[PDB]
Every structure is written in structure tokens, then in C-alpha cells.
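Peer 1: What shape does this take:
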Amino acid sequence: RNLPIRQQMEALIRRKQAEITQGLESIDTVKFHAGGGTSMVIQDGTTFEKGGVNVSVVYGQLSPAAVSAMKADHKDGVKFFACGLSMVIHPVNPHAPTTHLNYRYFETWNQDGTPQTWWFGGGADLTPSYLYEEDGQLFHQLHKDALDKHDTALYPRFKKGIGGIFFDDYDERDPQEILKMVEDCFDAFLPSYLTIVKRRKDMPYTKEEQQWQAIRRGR
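Peer 2: Numbering: from 1, shown residues only. Now the structure:
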């Protein structure tokens, strides 16, 4: 029973939005500031140059035209709910890596009961400027450890510069368990990323190394 999966997922991502921005703030000098989801943004910190952590919620219908355009990748028209958190953080120092993270959930409705269909999607990665294999290895280890709490087959399947983990259209188990797997994946983030940024953010660099990495990576 518990609450509906939709309620529990929305609650989880909103709690993690708060837990993540606070964790990232703990190593910077600057704070994040706040359809249309709720987007928290950091800019011109001493550690983080630009970043955003967003939670979005959407209720609606998808046309048959829309669903038509869509079903390559999921196992008149349809009513749905979806929610998700998305983030991208870019450190000032080129020795510290960019990260992206996204966890989301989608379910169809229309005479409810419970279902028609639902899934989760997400994962997390790092995009380095300078590359440190040890940072990639810690990032992977802690996400592996999160996934191994559920089963050791998941990491080899979801894995994959540094990369990270990615899954989508994932509805293969009781959604209560998949909720816990998503929570545990979230909890892999701050211990890996704050560790990595701490150990890189004060490494010396010149303006030219930073400009060249910007050229190489874009933007």
C-alpha cells in the first residue's frame, strides 16, 4: 500500500533537490537561488561556475499523434502523470568534472484502478575536462554499490571519458523496490561528487588551461 508510487516519487525528488543543493552549497561560498518546474540555480561561486537542479511535474493527455511519434522505446491518446529531477553542475576549476543527473517516473491513467503502464528512467554521469581515472572509478563504485543493494546484475547492464549509469523504460520489478533503487542511486551522488570536487577544486590552473578546456568541451 503505502502512498501511490506517483506520490512517493514526487516526494523523494523534492527531498533530494533540497539535500543536493545544500550538499553542493557546503563546498562553495555562494547559494542556489530559485510549466515551469521548480529550478534552483547557482552562478559564479568560488567552486561552481554554473549549475541548476530542477524538479518538474506534468499531468495531461498525449494525443495519438504524440504517442505515435513516441513508442520506439517503451515496452484515443492517453492520460499521464510524470515527474523528474534533473541537474547539471559545472565547476570553476577544470580539474573538477561536470556532472549530470536525472531520475524520473511516468505513468498512464484513464479509468485508473491502478495502471495502464509506468516506468522509471535516469542515471548520472561525469564529463571531465581534465581526466582522472580515480574520480571515474569512485563515481562508478558508489553507483555500483547502490545498484548492488538490489541486484548485482543491474550495474553491468546500466553502466555506460568517465560515463556513469543510465536506464530507461524500467518497470521490471515491484515499483516500490524500484523507488528504493532510485533513492539509493540518488544517495550515491553526494558522497562521490563532493569527494571528487573537494580533491580537485583547489588544484592550481591558469586562465589559459581553463580557456582551452572550454574550447575543447564547448560553451
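Peer 1: Look up which helix or strand residue 13 falls in, please.
Peer 2: With elements delineated by DSSP states H and E, residue 13 resides in helix 5-25, which encompasses its position.
Peer 1: could you pull out the strands for the chain?
Peer 2: All strands of the chain, identified by DSSP state E, fall at 38-43, 48-62, 78-91, 98-108, 118-127, 163-170.
Peer 1: Just send those strands back as TSV, with mean neighbour count too.
Peer 2: To be clear about C-beta, it is placed using only N, CA and C from the backbone, and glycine gets the same treatment. As requested, those are arranged in TSV below (neighbours: other Cβ atoms under 10 Å):
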stretch	mean neighbour count
strand 38-43	16
strand 48-62	17
strand 78-91	20
strand 98-108	21
strand 118-127	21
strand 163-170	18
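Peer 1: picking up where we left off before, from the rest of the structure, what touches the helix holding residue 13?
Peer 2: Taking Cβ atoms under 8 Å, 6 or more residues apart in numbering as the criterion, the residues outside helix 5-25 that touch it are 2-3, 31-32, 38, 40, 42, 48, 51, 53-55, 57, 81, 83-85, 87, 89, 103, 105, 107, 118, 120, 175-176, 179, 182-183, 186, 189-190, 193-194.
Peer 1: Which positions in it come out as buried?
Peer 2: Within helix 5-25, the residues that qualify as buried by neighbour count (16 or more other Cβ atoms under 10 Å) are 5-6, 8-10, 12-13, 16-17, 20-21, 24-25.
Peer 1: Kindly list the longest helix within this structure.
Peer 2: Once the chain is assigned using DSSP state H, the helix that runs over the most residues is helix 175-200.
Peer 1: Next, the angle strand 78-91 makes with that helix.
Peer 2: Counting by axes from the mean of the first three to the mean of the last three Cα atoms, to 10 degrees, helix 175-200 lies at 20 degrees to strand 78-91.
Peer 1: Could you check how far helix 175-200 is from the centre of its chain?
Peer 2: For helix 175-200, the distance from its own C-alpha centre to the chain's C-alpha centre is 9 Å (Cα atoms, centre = their mean, to the nearest Å).
Peer 1: got the CA positions of stretch 84-93 in PDB?
Peer 2: What follows is stretch 84-93, C-alpha atoms only, in PDB (Å, rounded to 0.1, in the frame of the first residue of the first chain):
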ATOM      1  CA  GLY A  84      11.500  14.100 -12.600                       C
ATOM      2  CA  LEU A  85      14.600  15.800 -11.200                       C
ATOM      3  CA  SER A  86      17.400  17.000 -13.500                       C
ATOM      4  CA  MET A  87      20.700  18.600 -12.800                       C
ATOM      5  CA  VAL A  88      23.800  19.800 -14.400                       C
ATOM      6  CA  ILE A  89      26.800  21.300 -12.300                       C
ATOM      7  CA  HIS A  90      29.900  22.800 -13.900                       C
ATOM      8  CA  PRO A  91      32.800  23.600 -11.600                       C
ATOM      9  CA  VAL A  92      35.000  26.700 -11.900                       C
ATOM     10  CA  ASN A  93      38.200  24.600 -11.800                       C
END
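Peer 1: Which residues outside it are in contact with it?
Peer 2: For stretch 84-93, using Cβ under 8 Å, 6+ apart, the contacting residues are 13, 16-17, 20, 24, 42, 45-56, 97-105, 121-122, 193, 197, 200-203, 205, 210.
Peer 1: Since that was my last question, I'll sign off now.
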